[PDB]
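For reference, the structure discussed in these notes is given below.
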Amino acid sequence: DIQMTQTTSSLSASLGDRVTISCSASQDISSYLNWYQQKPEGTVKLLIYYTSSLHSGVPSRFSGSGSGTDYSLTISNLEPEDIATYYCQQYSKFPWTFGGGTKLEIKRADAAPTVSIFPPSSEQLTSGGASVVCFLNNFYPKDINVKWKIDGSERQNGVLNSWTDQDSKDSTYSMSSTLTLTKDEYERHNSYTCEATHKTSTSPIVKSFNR
Amino acid sequence: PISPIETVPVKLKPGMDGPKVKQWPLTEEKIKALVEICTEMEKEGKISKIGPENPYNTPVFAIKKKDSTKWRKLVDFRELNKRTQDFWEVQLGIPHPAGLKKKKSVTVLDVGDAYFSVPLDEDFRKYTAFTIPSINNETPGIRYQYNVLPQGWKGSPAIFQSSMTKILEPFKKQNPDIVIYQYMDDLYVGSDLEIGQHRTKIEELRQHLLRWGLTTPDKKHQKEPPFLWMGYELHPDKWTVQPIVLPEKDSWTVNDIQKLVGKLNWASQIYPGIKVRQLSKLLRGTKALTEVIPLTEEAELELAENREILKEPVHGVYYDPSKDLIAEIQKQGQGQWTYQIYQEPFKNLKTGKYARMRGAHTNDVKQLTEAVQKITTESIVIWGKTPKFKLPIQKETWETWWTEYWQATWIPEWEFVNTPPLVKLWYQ
Amino acid sequence: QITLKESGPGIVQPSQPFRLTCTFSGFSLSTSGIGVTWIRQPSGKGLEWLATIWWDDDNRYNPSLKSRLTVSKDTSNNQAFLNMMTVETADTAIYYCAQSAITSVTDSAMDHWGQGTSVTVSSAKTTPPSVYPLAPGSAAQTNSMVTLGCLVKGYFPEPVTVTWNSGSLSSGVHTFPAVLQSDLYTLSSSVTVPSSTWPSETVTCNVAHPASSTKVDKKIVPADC
Amino acid sequence: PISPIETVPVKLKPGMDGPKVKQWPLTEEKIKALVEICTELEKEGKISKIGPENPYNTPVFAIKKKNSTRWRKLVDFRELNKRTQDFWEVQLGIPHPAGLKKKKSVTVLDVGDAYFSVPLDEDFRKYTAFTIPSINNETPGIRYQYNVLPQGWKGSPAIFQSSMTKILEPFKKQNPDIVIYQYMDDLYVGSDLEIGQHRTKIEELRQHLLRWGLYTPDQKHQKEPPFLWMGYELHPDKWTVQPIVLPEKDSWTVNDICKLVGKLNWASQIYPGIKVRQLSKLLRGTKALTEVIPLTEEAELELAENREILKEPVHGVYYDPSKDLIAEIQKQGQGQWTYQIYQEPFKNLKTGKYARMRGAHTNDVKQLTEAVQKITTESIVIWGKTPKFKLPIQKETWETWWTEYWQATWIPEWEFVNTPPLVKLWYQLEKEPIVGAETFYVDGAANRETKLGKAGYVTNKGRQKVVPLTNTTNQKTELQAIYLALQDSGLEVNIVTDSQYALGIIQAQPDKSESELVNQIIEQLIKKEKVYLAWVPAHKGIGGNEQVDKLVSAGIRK
DNA sequence: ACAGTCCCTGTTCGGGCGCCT
DNA sequence: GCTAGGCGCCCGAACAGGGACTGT
Ligand SMILES: [Mg+2]
């Protein structure tokens with residue numbers, strides 16, 4: 001079973017740059033590799049087939065190369081559309097296998113996460129539940145960590161999370177963390193600390209509330 | 001016992017006996033397949049066991065067609081086909097369509113089985129005898145003969161033509177834009193339809209045959225890497241003609257001029273409009289080979305002029321269906337091979353270049369047999385006859401492997417020549 | 001001119017089977033080189049190959065799922081099928097169907113694709129979401145910009161539409177993708193607006209859940225004290 | 001008894017009649033002996049009295065064995081044979097113990113009175129008519145004809161083998177796991193059955209042959225290792241050729257050379273290295289039969305070296321299907337090559353030797369190619385499989401050859417075993433004219449009506465030499481001129497001819513030839529450092545060619 | 001513009017020996 | 001006043017076909 005791997009997982013760059021994606025095969029595939037482009041929405045298009053043949057309609061700024069085990073995709077000068085996720089598929093043997101995908105991003109000036117925390121709504125508390133929401137909006141790059149701390153001691157149990165895709169306007173990412181406890185588990189405490197650690201500041205950005 | 005249709009009398013050429021050719025060694029894999037396919041034809045009564053009383057013989061072997069995986073029995077009836085060349089050629093021969101050469105796509109179907117349904121002249125049967133060998137000469141060879149039109153015999157398509165022309169009447173009427181030619185165990189079907197639409201129509205033709213008793217090998221189409229089944233159809237238009245070409249330079253040494261006149265002298269036999277006097281003058285006394293002789297103005301007037309004649313149709317060269325066909329192959333190296341087809345000395349009909357194939361994978365013998373087949377195919381299509389081959393190889397060598405790469409129902413007539421690089425009269 | 005559309009059930013009970021339909025036009029599943037391929041893509045992960053059905057019925061399946069896959073075809077009406085038996089939550093993904101074709105002796109790729117049908121695997125019953133406002137509590141606003149939120153908890157199935165002020169606010173809006181909360185879905189949305197507009201001017205959260213035909217608004221009232 | 005096997009039909013050659021050869025008067029002593037024999041053969045159904053109508057006769061005289069004193073009926077069918085139709089002989093080659101697979105239980109059987117057990121075509125017996133002259137010139141001798149396959153008749157072997165194949169035919173269809181090596185009237189049967197179930201199958205066979213009239217005497221190989229088969233001895237895991245007695249006489253006639261060489265060849269099939277090239281060139285000539293021939297040292301070293309390796313008791317092993325075959329070639333004396341086919345390190349299956357020089361001018365690469373081909377065929381015949389080779393030629397050497405040789409050549413999967421003398425090309429040839437060397441213009445000529453002719457070169461440096469020859473021809477003189485420019489030059493040269501004949505023999509890169517003139521030109525090529533030949537169309541008046549032409553053409557004109 | 005010979009090399013075949021049944 | 005058929009090797013004779021040269 002031919003394992004197709006694209007080492008480079010998430011790659012950021014700028015408009016006009018030259019990028020190359022690498023697709024490594026598990027064994028010699030004799031140049032029977034095809035390249036696929038999947039826009040942020042989801043539609044999938046065929047760029048290159050047979051290592052380096054452009055599929056009618058794909059711009060000339062697209063070119064493939066490689067042989068035997070190592071294969072590479074090269075987008076000469078990035079355009080707004082190009083910034084997407086790219087897939088390599090091998091067909092020298094069933095089952096057909098696809099790479100791991102390489103997300104192409106947009107390079108931006110770094111930015112810190114605007115952290116906001118929210119006490120469990122009253123209505124939520126009326127039902128018998130309690131969720132502490134904590135937004136981490138608009139930062140760069142994506143890599144970020146979060147830690148919850150109740151009354152000093154930390155709690156890693158009960159924390160949901162949600163990451164967004166690179167915004168297509170300001171090129172930033174955002175994350176939503178939610179600590180869900182019970183009406184009892186909640187009231188039986190006072191300090192709830194949302195802590196976020198981004199590469200921008202050595203000091204973790206912290207936001208909390210009481211009662 | 002097979003068909004109540006009246007048997008047609010076949011007699012060998014006057015004063016000539018039947019084939020008495022010996023049986024060459026066969027590999028276990030081929031004997032095993034050959035013994036099997038023979039047992040079955042014996043049961044069905046197409047073939048009868050015979051003994052020493054039959055003084056005649058012919059060679060047999062089997063080829064495992066990469067076409068359909070399934071083996072095929074081949075009987076080298078080349079000797080027998082010569083001994084009866086009055087019957088099929090002059091007497092009752094199959095006309096040739098000048099239009100088959102003119103089709104973007106042509107597929108070829110193996111319609112051999114079609115023959116196992118017409119009784120062979122009861123008397124002529126003795127000549128079709130053949131022997132099956134055994135590994136390590138374990139048992140005397142097992143001999144058989146035909147009772148029905150044998151495959152690979154020039155007479156079969158000739159006799160079966162009556163019923164074959166009737167089986168094709170309908171299809172040819174509902175598709176007057178498709179050309180169909182029969183050559184021995186083959187049906188060359190060519191169309192100007194789109195490739196995928198051609199594949200269909202051929203597939204339809206197979207049906208029409210099947211609805212008449214004629215079965216045709218089931219060709220496989222693999223879904224992996226080398227999609228070889230895309231080569232099944234030939235493209236007569238895509239076929240090119242490799243002309244003679246004179247080198248282009250600025251610094252011509254003594255050596256260069258010699259060779260350039262040598263080649264031009266050779267070519268003078270093809271094109272009478274080749275002159276060398278004006279160019280040989282540059283070489284007058286005993287000069288050293290490594291010596292850049294300046295090309296004269298009126299001297300390079302022929303060098304660029306003669307080449308203006310080396311891209312034209314040879315001198316009124318026409319094909320004569322009454323003369324044999326010859327073909328020469330020269331190993332041009334780096335896997336490339338060139339060839340020429342003619343009936344007369346220097347008035348050749350086609351000159352081409354059989355470019356390489358990745359399935360040959362650096363094996364001189366394998367590439368030559370493929371070249372022979374490829375050339376034969378072109379011949380049958382264009383003129384409707386197999387050429388005799390002047391093969392650039394040693395008898396001992398060709399007769400040890402040609403079968404391992406043979407993939408055709410017919411076997412062409414060949415001879416071996418040891419002609420060294422006469423001249424690069426064919427600049428690749 | 002080649003088009004392909006997948007048809008599905010979208011929502012399938014666990015252990016039950018599902019049948020995808022690829023309705024196409026522009027080519028025939030009878031022409032020599034054509035075939036129709038089925039691709040899967042778990043939400044978040046990459047592309048996985050399922051099976052390819054060809055014109056000559058010489059089909060090929062993914063070895064990991066051959067036991068639950070079966071690809072059919074209705075060459076007459078131009079339709080390709082994909083059946084999967086005893087589905088699990090792990091089969092919740094977007095299924096695409098593309099026109100695979102063998103051009104020449106080396107060219108073989110999936111020329112055109114479809115938009116894919118999403119098939120999710122769960123026993124969960126269509127239940128509407130409970131909306132809860134999110135206003136800075138215990139921390140009064142300063143004089144810059146304030147970030148209000150909205151929580152859409154415990155609903156099924158996807159999707160949900162979230163807007164602010166009946167669609168007025170759209171600048172600093174962030175609606176995060178949902179997550180599984182015991183078979184149910186839970187997502188939140190955040191809006192950032194200058195403190196000079198809140199709470200001086202009302203800010204309401206709009207939540208739409210088509211499955212349950214429910215449309216509820218929730219006003220982001222400031223903190224109690 | 002006799003056989004109920006349908007009789008095979010035989011005819012006489014188109015347009016011939018039967019043998020009407022007169023009978024010689026035999027002695028009353030010889031006659032009375034024949035009478036007993038024939039009354040016996042007639043009593044047993046082998047022959048029968050014919051009528052006065054039968055006009056055919058073939059000579060029949062009696063002869064006694066110098067040991068048992070028993071007289072034997074000997075009928076000379078030389079004339080019938082010359083008139084009997086042609087049979088397509090079914091026996092295609094002798095079997096070889098090397099192709100036998102190791103079997104649990106082995107039994108060998110022989111058929112008694114084989115020929116005398118198969119009926120002869122009834123519409124042919126009349127031709128086998130013979131007569132037994134009487135004691136006195138009184139009344140005509142007794143007339144007889146054959147009813148069974150006549151001993152010493154053309155069709156007797158071919159007809160008996162086919163008959164025999166039909167007999168086993170059904171039995172082999174019911175016992176696909178028992179191999180029967182059918183050879184003339186000798187049967188080798190082997191299988192992996194238990195000694196008991198085996199002998200129960202062998203009896204089953206003897207009783208099936210007896211059903212068709214084939215008797216298998218109790219003088220058969222029952223559990224008797226080694227088995228005496230086809231002239232070899234079959235042991236459990238090893239086989240040996242039966243004692244070959246090398247003829248050691250005082251004087252040696254041409255006939256004794258033929259008696260020695262053949263026995264040596266016979267032995268070379270299993271004995272490692274055996275050379276024959278040498279003592280074989282002794283009969284070399286037109287001198288025939290019994291004529292003492294002087295054994296040169298060339299032959300003495302051959303006989304000595306052979307008798308030694310023949311005094312080394314060796315063996316062979318049986319064939320193992322799973323483990324493929326390996327053939328290793330060794331290069332020895334002029335054109336002498338030796339090979340050993342095996343499947344396991346030094347566990348020989350069969351050995352041998354090829355020394356056929358194909359072509360007047362060949363080389364070691366060519367001949368190695370020739371050996372590989374004939375080994376393949378031989379393996380296909382014994383094992384129906386192409387073997388893997390271990391050739392003593394550099395991978396690089398081979399790449400050079402086939403890549404530059406105009407003739408198509410190839411060799412199956414092979415490895416390189418470095419065991420001298422290694423095979424390689426002795427001299428290269430420049431693709432491009434070398435700069436800094438005399439570019440000779442050589443040519444020759446001669447007169448067919450005369451016998452002699454000149455030959456020489458004209459170099460660019462104005463140098464000229466023309467040496468005249470006697471009893472030579474154009475091809476030899478145009479080949480001579482190239483020999484001169486070779487001796488008369490340094491380590492780098494640029495010869496230039498007008499004959500392909502010469503050029504061709506050269507480009508072929510030969511390292512051995514039949515005529516000496518070429519052995520000399522080869523010797524020079526191997527000695528130089530950068531040779532380069534070029535061709536130019538003669539009689540077309542071109543460059544330095546005209547010079548040598550007029551100069552050597554003192555016999556021809558223009 | 002060959003027809004008529006002569007060379008030279010590659011193949012076939014008949015002969016004798018070896019071996020077998 | 002003795003085999004046939006088969007395979008092998010080695011040898012030399014007759015053959016056959018492609019080229020090259022000489023004479024009208
Ligand atoms: Mg000359």
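Labeling convention for the structure tokens: chains A, B, ... as they appear, residues from 1 per chain, ligands from 1 in order of appearance.
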
Need to verify the contact set: residue 18 of chain E, 10 Å, only C-alpha atoms (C1' of nucleotides), exclusion of same-chain residues closer than 6 positions in sequence. Can you return it as a list in words? residues 258, 259, 260, 261, 262, 263, 264, 265, 266 and 267 of chain D; 8 and 9 of chain F

Using DSSP on the backbone coordinates, identify all residues within chain A classified as strand (DSSP E or B); present the result as a PyMOL selection string. chain A and resi 5+10-13+19-24+33-38+44-49+53-54+62-67+70-75+85-90+97-98+102-106+111+114-118+129-140+144-150+153-154+159-163+173-182+192-198+205-209

Near segment 3-14 of chain E, counting only C-alpha atoms (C1' of nucleotides), which residues have an atom at most 8 Å away, once you skip same-chain residues fewer than 2 positions from it, shown as a VMD selection string? (chain D and resid 359 to 360 448 473 475) or (chain F and resid 15)

Would you output that residue set with N, CA and C atoms (P, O5', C5', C4', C3', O3' and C1' of nucleotides), as a PDB file, in the first residue's frame?
```
ATOM      1  N   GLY D 359      32.334 -18.520 -38.600  1.00  0.00           N
ATOM      2  CA  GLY D 359      32.862 -17.371 -39.321  1.00  0.00           C
ATOM      3  C   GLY D 359      34.350 -17.541 -39.556  1.00  0.00           C
ATOM      4  N   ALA D 360      34.872 -16.966 -40.641  1.00  0.00           N
ATOM      5  CA  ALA D 360      36.303 -17.071 -40.919  1.00  0.00           C
ATOM      6  C   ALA D 360      37.073 -16.141 -39.967  1.00  0.00           C
ATOM      7  N   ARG D 448      42.955 -10.993 -62.381  1.00  0.00           N
ATOM      8  CA  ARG D 448      42.381 -12.333 -62.333  1.00  0.00           C
ATOM      9  C   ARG D 448      43.007 -13.239 -63.389  1.00  0.00           C
ATOM     10  N   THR D 473      44.520 -11.814 -54.767  1.00  0.00           N
ATOM     11  CA  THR D 473      43.328 -11.249 -55.378  1.00  0.00           C
ATOM     12  C   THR D 473      42.939  -9.904 -54.772  1.00  0.00           C
ATOM     13  N   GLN D 475      40.661  -8.515 -53.193  1.00  0.00           N
ATOM     14  CA  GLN D 475      40.288  -8.501 -51.788  1.00  0.00           C
ATOM     15  C   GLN D 475      41.507  -8.739 -50.894  1.00  0.00           C
TER      16      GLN D 475
ATOM     17  P    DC F  15      27.009 -29.066 -56.291  1.00  0.00           P
ATOM     18  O5'  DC F  15      26.246 -27.897 -55.541  1.00  0.00           O
ATOM     19  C5'  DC F  15      26.404 -27.743 -54.135  1.00  0.00           C
ATOM     20  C4'  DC F  15      25.282 -26.904 -53.585  1.00  0.00           C
ATOM     21  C3'  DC F  15      24.836 -25.859 -54.596  1.00  0.00           C
ATOM     22  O3'  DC F  15      23.461 -25.551 -54.405  1.00  0.00           O
ATOM     23  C1'  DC F  15      25.989 -24.784 -52.817  1.00  0.00           C
TER      24       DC F  15
END
```

Which residues are near ligand 1 - at most 9 Å, using only C-alpha atoms (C1' of nucleotides) and all ligand atoms? Format: as a PyMOL selection string. chain D and resi 442-445+474-475+477-478+497-499+537-539+545+548-549+552-553

Keeping only C-alpha atoms, write the selected residues to a file as a CSV table (one decimal), in the first residue's frame.
```csv
chain,number,residue,atom,x,y,z
D,442,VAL,CA,45.8,2.6,-48.9
D,443,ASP,CA,44.6,0.6,-51.9
D,444,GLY,CA,45.5,-2.6,-53.8
D,445,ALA,CA,44.6,-4.4,-57.0
D,474,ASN,CA,41.8,-7.7,-55.2
D,475,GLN,CA,40.3,-8.5,-51.8
D,477,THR,CA,45.7,-6.9,-52.0
D,478,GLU,CA,43.2,-4.2,-50.8
D,497,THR,CA,40.3,2.3,-47.8
D,498,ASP,CA,38.0,2.0,-50.7
D,499,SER,CA,36.8,-1.7,-50.0
D,537,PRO,CA,34.1,5.2,-52.7
D,538,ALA,CA,36.9,4.0,-55.1
D,539,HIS,CA,37.1,4.8,-58.8
D,545,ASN,CA,42.7,7.8,-53.2
D,548,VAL,CA,47.3,5.1,-54.5
D,549,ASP,CA,45.1,3.9,-57.3
D,552,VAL,CA,49.0,0.3,-57.4
D,553,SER,CA,46.9,-0.1,-60.6
```

Hey, which bits of chain B sit within 12 Å of chain F, and for each residue what's the closest pair of atoms and how far apart in Å (one decimal), counting only C-alpha atoms (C1' of nucleotides), rows by chain and increasing number, as a Markdown table?
```
| residue | atom | partner | partner_atom | distance |
| --- | --- | --- | --- | --- |
| B:52 | CA | F:5 | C1' | 11.4 |
| B:136 | CA | F:7 | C1' | 11.9 |
| B:137 | CA | F:7 | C1' | 10.5 |
| B:140 | CA | F:6 | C1' | 10.4 |
| B:415 | CA | F:17 | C1' | 11.5 |
| B:416 | CA | F:17 | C1' | 11.7 |
| B:417 | CA | F:18 | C1' | 10.1 |
| B:418 | CA | F:18 | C1' | 11.1 |
| B:419 | CA | F:18 | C1' | 10.3 |
```

Those selected residues, please, written with N, CA, C and O atoms and delivered as a CSV table (one decimal), in the first residue's frame.
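And here's selection.csv as it stands now:
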```
chain,number,residue,atom,x,y,z
B,52,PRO,N,4.1,-42.2,-37.6
B,52,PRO,CA,5.2,-42.1,-38.5
B,52,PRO,C,4.9,-42.2,-39.9
B,52,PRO,O,5.6,-41.7,-40.8
B,136,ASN,N,13.1,-33.1,-22.0
B,136,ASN,CA,14.1,-34.1,-21.8
B,136,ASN,C,13.8,-35.4,-22.6
B,136,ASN,O,14.0,-36.5,-22.2
B,137,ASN,N,13.2,-35.2,-23.8
B,137,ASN,CA,12.8,-36.3,-24.6
B,137,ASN,C,12.3,-37.4,-23.8
B,137,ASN,O,12.9,-38.5,-24.0
B,140,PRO,N,8.3,-40.1,-27.2
B,140,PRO,CA,8.4,-39.7,-28.6
B,140,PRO,C,7.4,-38.5,-28.8
B,140,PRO,O,6.4,-38.4,-28.1
B,415,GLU,N,15.7,-13.6,-43.7
B,415,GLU,CA,17.0,-14.1,-44.0
B,415,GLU,C,18.0,-13.2,-43.2
B,415,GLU,O,17.6,-12.1,-42.8
B,416,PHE,N,19.1,-13.8,-42.9
B,416,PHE,CA,20.1,-13.1,-42.1
B,416,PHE,C,21.3,-12.5,-42.9
B,416,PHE,O,21.8,-13.2,-43.8
B,417,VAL,N,21.7,-11.3,-42.7
B,417,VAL,CA,22.7,-10.6,-43.4
B,417,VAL,C,23.8,-10.0,-42.4
B,417,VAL,O,23.4,-9.5,-41.3
B,418,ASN,N,25.0,-10.1,-42.7
B,418,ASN,CA,26.1,-9.5,-41.9
B,418,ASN,C,26.8,-8.3,-42.6
B,418,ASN,O,28.0,-8.3,-42.9
B,419,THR,N,26.0,-7.3,-42.9
B,419,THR,CA,26.4,-6.1,-43.6
B,419,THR,C,26.8,-5.0,-42.6
B,419,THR,O,26.0,-4.6,-41.8
```

Which residues come within 8 Å of segment 80-97 of chain C, counting only C-alpha atoms (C1' of nucleotides), excluding same-chain residues fewer than 2 positions away, as a PyMOL selection string? chain C and resi 4-6+13-23+36-43+68-75+78+99+113-122

Please produce a file of the residues just selected, as a compact mmCIF listing (two decimals), in the first residue's frame, where the atoms kept are C-alpha atoms.
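What landed in part_25.txt:
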```
# COMPACT_ATOMS: atom_id res chain seq x y z
CA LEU C 4 -21.33 15.97 -11.19
CA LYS C 5 -23.69 16.17 -8.22
CA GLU C 6 -23.72 13.84 -5.23
CA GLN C 13 -28.30 6.29 11.99
CA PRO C 14 -25.35 4.26 13.29
CA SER C 15 -25.08 0.64 12.00
CA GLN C 16 -27.60 1.43 9.21
CA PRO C 17 -26.52 1.79 5.54
CA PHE C 18 -26.50 4.76 3.15
CA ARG C 19 -26.64 5.23 -0.60
CA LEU C 20 -24.92 8.04 -2.45
CA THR C 21 -25.88 9.01 -5.98
CA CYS C 22 -23.60 10.70 -8.42
CA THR C 23 -25.71 12.19 -11.15
CA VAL C 36 -16.41 7.35 -11.71
CA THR C 37 -14.43 7.66 -8.49
CA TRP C 38 -15.71 8.12 -4.94
CA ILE C 39 -13.64 10.18 -2.53
CA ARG C 40 -14.30 10.82 1.13
CA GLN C 41 -12.97 13.66 3.35
CA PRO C 42 -13.56 13.58 7.11
CA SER C 43 -14.28 17.04 8.46
CA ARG C 68 -18.73 -2.33 3.53
CA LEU C 69 -18.50 -0.83 0.08
CA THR C 70 -20.34 -1.64 -3.11
CA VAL C 71 -20.24 0.59 -6.18
CA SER C 72 -23.04 0.33 -8.74
CA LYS C 73 -23.99 2.28 -11.85
CA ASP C 74 -26.96 3.09 -14.07
CA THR C 75 -25.26 3.69 -17.38
CA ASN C 78 -25.87 8.47 -16.12
CA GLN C 99 -15.03 11.68 -13.21
CA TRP C 113 -15.15 16.71 -9.25
CA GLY C 114 -18.45 17.31 -7.51
CA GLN C 115 -19.19 19.51 -4.55
CA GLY C 116 -19.77 16.55 -2.28
CA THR C 117 -22.56 15.49 0.02
CA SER C 118 -22.08 15.63 3.71
CA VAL C 119 -23.08 12.49 5.51
CA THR C 120 -22.97 12.56 9.30
CA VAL C 121 -23.37 9.54 11.57
CA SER C 122 -25.38 9.97 14.79
```

Apply DSSP to the structure's backbone, then extract all residues of segment 54-188 of chain B labelled helix (DSSP H, G or I) and return them as number ranges by chain. B: 78-83, 86-91, 113-115, 124-128, 135-137, 155-159, 161-173

Using only C-alpha atoms, tabulate the residues of chain B lying at most 6 Å from any atom of chain C, each with its closest atom pair and that distance in Å to one decimal, by chain and increasing residue number, as a tab-separated table.
```
residue	atom	partner	partner_atom	distance
B:196	CA	C:32	CA	5.3
B:226	CA	C:105	CA	5.7
B:227	CA	C:105	CA	4.3
B:228	CA	C:105	CA	5.9
B:230	CA	C:105	CA	5.8
```

Kindly export the residues of the current selection with N, CA, C and O atoms, as a PDB file, in the first residue's frame.
```pdb
ATOM      1  N   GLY B 196     -12.865   6.952 -28.596  1.00  0.00           N
ATOM      2  CA  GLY B 196     -13.816   6.271 -27.738  1.00  0.00           C
ATOM      3  C   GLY B 196     -14.991   5.725 -28.524  1.00  0.00           C
ATOM      4  O   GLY B 196     -15.551   4.694 -28.136  1.00  0.00           O
ATOM      5  N   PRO B 226       1.149   1.267 -16.731  1.00  0.00           N
ATOM      6  CA  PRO B 226       1.217   1.276 -18.204  1.00  0.00           C
ATOM      7  C   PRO B 226      -0.058   0.849 -18.934  1.00  0.00           C
ATOM      8  O   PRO B 226      -0.286  -0.337 -19.164  1.00  0.00           O
ATOM      9  N   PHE B 227      -0.884   1.816 -19.307  1.00  0.00           N
ATOM     10  CA  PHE B 227      -2.152   1.532 -19.972  1.00  0.00           C
ATOM     11  C   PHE B 227      -1.961   1.089 -21.411  1.00  0.00           C
ATOM     12  O   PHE B 227      -2.531   1.680 -22.349  1.00  0.00           O
ATOM     13  N   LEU B 228      -1.175   0.023 -21.559  1.00  0.00           N
ATOM     14  CA  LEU B 228      -0.814  -0.545 -22.848  1.00  0.00           C
ATOM     15  C   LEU B 228      -1.939  -0.729 -23.844  1.00  0.00           C
ATOM     16  O   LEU B 228      -1.723  -0.620 -25.063  1.00  0.00           O
ATOM     17  N   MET B 230      -3.924   1.136 -24.830  1.00  0.00           N
ATOM     18  CA  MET B 230      -4.231   2.367 -25.560  1.00  0.00           C
ATOM     19  C   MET B 230      -3.531   2.269 -26.902  1.00  0.00           C
ATOM     20  O   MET B 230      -3.850   3.034 -27.821  1.00  0.00           O
TER      21      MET B 230
END
```

Measuring atom to atom with only C-alpha atoms, identify which of A:190, A:102, A:90, A:37 is nearest to residue 51 of chain A. A:90

Hey, which bits of chain B sit within 9 Å of chain A, and for each residue what's the closest pair of atoms and how far apart in Å (one decimal), counting only C-alpha atoms, rows by chain and increasing number, as CSV?
```
residue,atom,partner,partner_atom,distance
B:223,CA,A:93,CA,8.6
B:224,CA,A:93,CA,5.8
B:225,CA,A:92,CA,4.7
B:226,CA,A:92,CA,8.5
```

Hey, can you spit out that residue selection with C-alpha atoms as a PDB file, in the first residue's frame?
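selection-v1.pdb written:
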```pdb
ATOM      1  CA  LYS B 223      -6.390  -0.069 -14.752  1.00  0.00           C
ATOM      2  CA  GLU B 224      -2.871   0.272 -13.452  1.00  0.00           C
ATOM      3  CA  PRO B 225       0.287   2.168 -14.565  1.00  0.00           C
ATOM      4  CA  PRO B 226       1.217   1.276 -18.204  1.00  0.00           C
TER       5      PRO B 226
END
```

12 Å contact set for residue 68 of chain B, only C-alpha atoms (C1' of nucleotides), chain neighbours under 2 positions out, as an mmCIF file with C-alpha atoms, in the first residue's frame:
```cif
data_model
loop_
_atom_site.group_PDB
_atom_site.id
_atom_site.type_symbol
_atom_site.label_atom_id
_atom_site.label_comp_id
_atom_site.auth_asym_id
_atom_site.auth_seq_id
_atom_site.Cartn_x
_atom_site.Cartn_y
_atom_site.Cartn_z
ATOM 1 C CA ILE B 63 2.912 -17.416 -27.533
ATOM 2 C CA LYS B 64 1.276 -16.036 -24.347
ATOM 3 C CA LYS B 65 -0.416 -12.944 -25.766
ATOM 4 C CA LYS B 66 -0.012 -9.925 -23.422
ATOM 5 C CA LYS B 70 -4.508 -16.448 -22.923
ATOM 6 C CA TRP B 71 -2.074 -18.582 -24.960
ATOM 7 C CA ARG B 72 -2.357 -19.100 -28.705
ATOM 8 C CA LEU B 109 -9.168 -8.693 -34.326
ATOM 9 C CA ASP B 110 -7.907 -12.278 -34.197
ATOM 10 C CA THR B 216 -12.630 -13.197 -30.914
ATOM 11 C CA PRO B 217 -10.098 -13.094 -28.054
ATOM 12 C CA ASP B 218 -11.141 -11.064 -25.042
ATOM 13 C CA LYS B 219 -8.500 -8.323 -24.809
ATOM 14 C CA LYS B 220 -7.787 -7.055 -21.280
ATOM 15 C CA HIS B 221 -7.608 -3.349 -20.301
ATOM 16 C CA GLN B 222 -5.645 -2.949 -17.040
ATOM 17 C CA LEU B 228 -0.814 -0.545 -22.848
ATOM 18 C CA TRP B 229 -4.304 -1.180 -24.191
ATOM 19 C CA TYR B 232 -4.273 -1.551 -29.504
ATOM 20 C CA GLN B 407 3.156 -11.566 -30.623
#
```

Select all residues from chain D having any atom no more than 9 Å from an atom of chain F (counting only C-alpha atoms (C1' of nucleotides), ignoring ligands), output as a PyMOL selection string. chain D and resi 61-63+74-77+89-94+151-158+261-262+265-266+280-281+283-286+448+474
